[PDB]
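Participant: This is the structure, below, for whatever I ask next.
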Amino acid sequence: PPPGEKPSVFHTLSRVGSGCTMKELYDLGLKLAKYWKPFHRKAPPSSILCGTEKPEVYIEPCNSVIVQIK
DNA sequence: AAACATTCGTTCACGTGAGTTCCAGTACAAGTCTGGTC
């Protein structure tokens with residue numbers, strides 16, 4: 001972002017779907033359950049920028065969580 | 001001759017080692033879900 005501001009736009013990197021136990025996935029779902037929004041290809045959100053791979057449901061970055069990927 | 005102390009074989013309680021059953025931790029293998037491209 002411009003100096004002294006929070007990030008506004010995001011660029012997709014990759015899907016990850018392994019490395020979490022069932023309980024961790026349940027807790028993550030409960031945390032982010034309220035903030036999921038349906039994804040419409042015709043009116044994509046401004047904050048998230050995607051290529052050919054698009055999600056079924058998108059969550060605004062302000063309410064999401066950081067994940068470590070190996 | 002009578003009273004008191006000592007000794008002996010017995011008795012009970014409590015502690016420790018070996019055998020047996022049951023359950024938790026560990027290991028390994030297979031199944032299931034996922035990711036990426038061409």
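Order determines the names: the first chain of the structure tokens is A, the second B, and so forth; residues in each chain are numbered 1 upward, and ligands are numbered 1 upward as they are shown.
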Within 12 Å of chain A, which residues of chain B show up when using only C-alpha atoms (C1' of nucleotides), listed as a list in words?

Facilitator: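 For chain B, the answer reads residues 32, 33, 34, 35 and 36 of chain B.
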
Participant: Skip region 50-67 of chain A itself and residues of its chain fewer than 5 positions away, then list as a PyMOL selection string all residues within 12 Å of it, counting only C-alpha atoms (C1' of nucleotides).

Facilitator: chain A and resi 6-17+19-20+28-29+31-42+44-45

Participant: To test your reading of the structure, identify every residue in chain A that backbone DSSP assigns to strand (DSSP E), and report it as a ChimeraX atom specification.

Facilitator: /A:10-11,37-38,48-49,57-58

Participant: Go ahead and save the residues from that selection, with N, CA, C and O atoms, as a PDB file, in the first residue's frame.

Facilitator:
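Contents of the output file part-v3.pdb:
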```
ATOM      1  N   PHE A  10      -5.630  -7.409  -3.185  1.00  0.00           N
ATOM      2  CA  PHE A  10      -4.989  -8.690  -2.942  1.00  0.00           C
ATOM      3  C   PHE A  10      -4.916  -9.477  -4.242  1.00  0.00           C
ATOM      4  O   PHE A  10      -5.734  -9.293  -5.145  1.00  0.00           O
ATOM      5  N   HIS A  11      -3.922 -10.357  -4.321  1.00  0.00           N
ATOM      6  CA  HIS A  11      -3.663 -11.163  -5.507  1.00  0.00           C
ATOM      7  C   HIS A  11      -3.602 -12.624  -5.099  1.00  0.00           C
ATOM      8  O   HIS A  11      -2.803 -12.990  -4.234  1.00  0.00           O
ATOM      9  N   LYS A  37     -19.300 -14.947   2.004  1.00  0.00           N
ATOM     10  CA  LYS A  37     -20.243 -14.371   1.065  1.00  0.00           C
ATOM     11  C   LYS A  37     -20.231 -15.187  -0.220  1.00  0.00           C
ATOM     12  O   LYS A  37     -19.173 -15.666  -0.636  1.00  0.00           O
ATOM     13  N   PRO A  38     -21.380 -15.369  -0.869  1.00  0.00           N
ATOM     14  CA  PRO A  38     -21.384 -16.097  -2.139  1.00  0.00           C
ATOM     15  C   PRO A  38     -20.600 -15.344  -3.201  1.00  0.00           C
ATOM     16  O   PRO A  38     -20.551 -14.113  -3.211  1.00  0.00           O
ATOM     17  N   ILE A  48     -10.479  -8.368  -3.786  1.00  0.00           N
ATOM     18  CA  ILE A  48      -9.805  -9.597  -4.188  1.00  0.00           C
ATOM     19  C   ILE A  48      -9.739  -9.641  -5.706  1.00  0.00           C
ATOM     20  O   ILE A  48     -10.753  -9.441  -6.387  1.00  0.00           O
ATOM     21  N   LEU A  49      -8.549  -9.900  -6.235  1.00  0.00           N
ATOM     22  CA  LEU A  49      -8.325 -10.027  -7.666  1.00  0.00           C
ATOM     23  C   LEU A  49      -7.906 -11.456  -7.973  1.00  0.00           C
ATOM     24  O   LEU A  49      -6.959 -11.971  -7.371  1.00  0.00           O
ATOM     25  N   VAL A  57     -16.990 -19.261  -2.253  1.00  0.00           N
ATOM     26  CA  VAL A  57     -17.382 -18.227  -1.303  1.00  0.00           C
ATOM     27  C   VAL A  57     -16.145 -17.418  -0.944  1.00  0.00           C
ATOM     28  O   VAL A  57     -15.061 -17.980  -0.754  1.00  0.00           O
ATOM     29  N   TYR A  58     -16.300 -16.102  -0.857  1.00  0.00           N
ATOM     30  CA  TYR A  58     -15.195 -15.204  -0.559  1.00  0.00           C
ATOM     31  C   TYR A  58     -15.467 -14.450   0.733  1.00  0.00           C
ATOM     32  O   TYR A  58     -16.616 -14.164   1.078  1.00  0.00           O
TER      33      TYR A  58
END
```

Participant: Write out as an NGL selection string all residues of chain A that DSSP puts in alpha helix (DSSP H) for this structure's backbone.

Facilitator: :A and (22-32)

Participant: How would the residues just chosen look if you wrote them out with N, CA, C and O atoms as a PDB file, in the first residue's frame?

Facilitator:
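Writing the result to selection20.pdb gives the following:
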```pdb
ATOM      1  N   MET A  22      -9.373 -32.409  11.737  1.00  0.00           N
ATOM      2  CA  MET A  22     -10.805 -32.143  11.645  1.00  0.00           C
ATOM      3  C   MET A  22     -11.235 -31.082  12.649  1.00  0.00           C
ATOM      4  O   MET A  22     -12.045 -30.204  12.328  1.00  0.00           O
ATOM      5  N   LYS A  23     -10.709 -31.145  13.874  1.00  0.00           N
ATOM      6  CA  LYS A  23     -11.086 -30.168  14.890  1.00  0.00           C
ATOM      7  C   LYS A  23     -10.642 -28.766  14.498  1.00  0.00           C
ATOM      8  O   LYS A  23     -11.384 -27.794  14.691  1.00  0.00           O
ATOM      9  N   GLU A  24      -9.430 -28.638  13.957  1.00  0.00           N
ATOM     10  CA  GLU A  24      -8.957 -27.329  13.523  1.00  0.00           C
ATOM     11  C   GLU A  24      -9.833 -26.776  12.411  1.00  0.00           C
ATOM     12  O   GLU A  24     -10.155 -25.582  12.399  1.00  0.00           O
ATOM     13  N   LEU A  25     -10.232 -27.626  11.465  1.00  0.00           N
ATOM     14  CA  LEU A  25     -11.106 -27.175  10.390  1.00  0.00           C
ATOM     15  C   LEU A  25     -12.464 -26.751  10.930  1.00  0.00           C
ATOM     16  O   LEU A  25     -13.040 -25.760  10.470  1.00  0.00           O
ATOM     17  N   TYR A  26     -12.996 -27.491  11.904  1.00  0.00           N
ATOM     18  CA  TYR A  26     -14.272 -27.113  12.504  1.00  0.00           C
ATOM     19  C   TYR A  26     -14.171 -25.755  13.187  1.00  0.00           C
ATOM     20  O   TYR A  26     -15.050 -24.898  13.033  1.00  0.00           O
ATOM     21  N   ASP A  27     -13.096 -25.542  13.947  1.00  0.00           N
ATOM     22  CA  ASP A  27     -12.913 -24.260  14.618  1.00  0.00           C
ATOM     23  C   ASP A  27     -12.772 -23.129  13.609  1.00  0.00           C
ATOM     24  O   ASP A  27     -13.356 -22.052  13.783  1.00  0.00           O
ATOM     25  N   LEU A  28     -12.001 -23.356  12.544  1.00  0.00           N
ATOM     26  CA  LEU A  28     -11.840 -22.333  11.520  1.00  0.00           C
ATOM     27  C   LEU A  28     -13.169 -22.012  10.855  1.00  0.00           C
ATOM     28  O   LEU A  28     -13.483 -20.842  10.606  1.00  0.00           O
ATOM     29  N   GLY A  29     -13.966 -23.038  10.559  1.00  0.00           N
ATOM     30  CA  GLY A  29     -15.277 -22.796   9.986  1.00  0.00           C
ATOM     31  C   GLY A  29     -16.162 -21.981  10.906  1.00  0.00           C
ATOM     32  O   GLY A  29     -16.853 -21.062  10.463  1.00  0.00           O
ATOM     33  N   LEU A  30     -16.145 -22.299  12.201  1.00  0.00           N
ATOM     34  CA  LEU A  30     -16.946 -21.531  13.148  1.00  0.00           C
ATOM     35  C   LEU A  30     -16.492 -20.079  13.203  1.00  0.00           C
ATOM     36  O   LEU A  30     -17.321 -19.164  13.259  1.00  0.00           O
ATOM     37  N   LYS A  31     -15.179 -19.846  13.187  1.00  0.00           N
ATOM     38  CA  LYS A  31     -14.677 -18.477  13.259  1.00  0.00           C
ATOM     39  C   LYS A  31     -15.119 -17.655  12.055  1.00  0.00           C
ATOM     40  O   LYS A  31     -15.548 -16.504  12.206  1.00  0.00           O
ATOM     41  N   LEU A  32     -15.024 -18.222  10.855  1.00  0.00           N
ATOM     42  CA  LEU A  32     -15.290 -17.499   9.619  1.00  0.00           C
ATOM     43  C   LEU A  32     -16.681 -17.764   9.059  1.00  0.00           C
ATOM     44  O   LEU A  32     -16.969 -17.351   7.931  1.00  0.00           O
TER      45      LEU A  32
END
```
